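Here we start with a single chain on its own, the form deposited in one PDB entry, put down as structure tokens.
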């Protein structure tokens, strides 16, 4: 009843960026995504240098940086991304359509589509966000890009209804070549209909209590056995004295073992 191995999914997946990510995960034996919300490029680059070998993906907020620059921050980041073999996911949460999102994604100061392998978008705005972002990507690079939809929100007061969630899943179905999966807490199905969605889930800990300030609350084994493909960990990797290199290996091993263990299911 479980999912195929990352190796098998990489070979079957219709999306070049997802096939690439699955291959990274299998190669490096990691399903850990690092979320390093620091304010300076120096901090980011140092932390990324330390986690590089232990991650398959880096979730970023360059718009949170106090000293962002294409030369000073993106250039070095892409270098680390190529050197340690991991992808970049700018967590911008696009929620617009037409020419405006195309430019907010491909141009402006951040020129996101030029370097970020993956981004995410809200469903409220409709399928025009998928086609808009897809076209904008095709215009600025030959490099593969992918999109993650936010079908279900966990914040309090969210208007993310089941009807809303189904509406966003429906948008994700617009095309499996571009929409890679979802940022979710559980499986979003779709296997019956020929979709292999990547499930990336935030709020993960080895210390369920919430020892890490990155907002962790469910354990690695918990989410991974629930159908989660990638674990997004933040503060728990570098917060308060922790050695990023030590914590990256700690979470990587937890996640990978939970994954291998899940491959041993039959139901």
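Residue numbers count along the first chain shown, from 1. Only the largest set of C-alpha atoms that superpose within 1.5 Å between the two forms is called the rigid core.
What follows is about the form deposited in another entry, which we do not show.
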Exercise. Which residue, 220, 212, 36, 200, is displaced 2 Å or more at the Cα between this form and the one not shown after superposing the core?
Worked result: 212
Exercise. 2 Å or more on the CA of residue 154 between this form and the one not shown, with the rigid core superposed, yes or no?
Worked result: yes
For this session: Note yes or no: does the Cα of residue 77 move by 2 Å or more between this form and the one not shown after the core is superposed?
Result: no
Problem set entry | Core-aligned C-alpha movement of residue 130 between this form and the one not shown reaching 2 Å | no
Seminar exercise, completed: Checked in the other entry: CA of residue 158 to CA of residue 233 differs by 3 Å or more, atoms lying closer
For this session: Given a change of 3 Å or more, say if the Cα atoms of residue 251 and residue 212 sit closer or farther in the other entry than in this form.
Result: farther
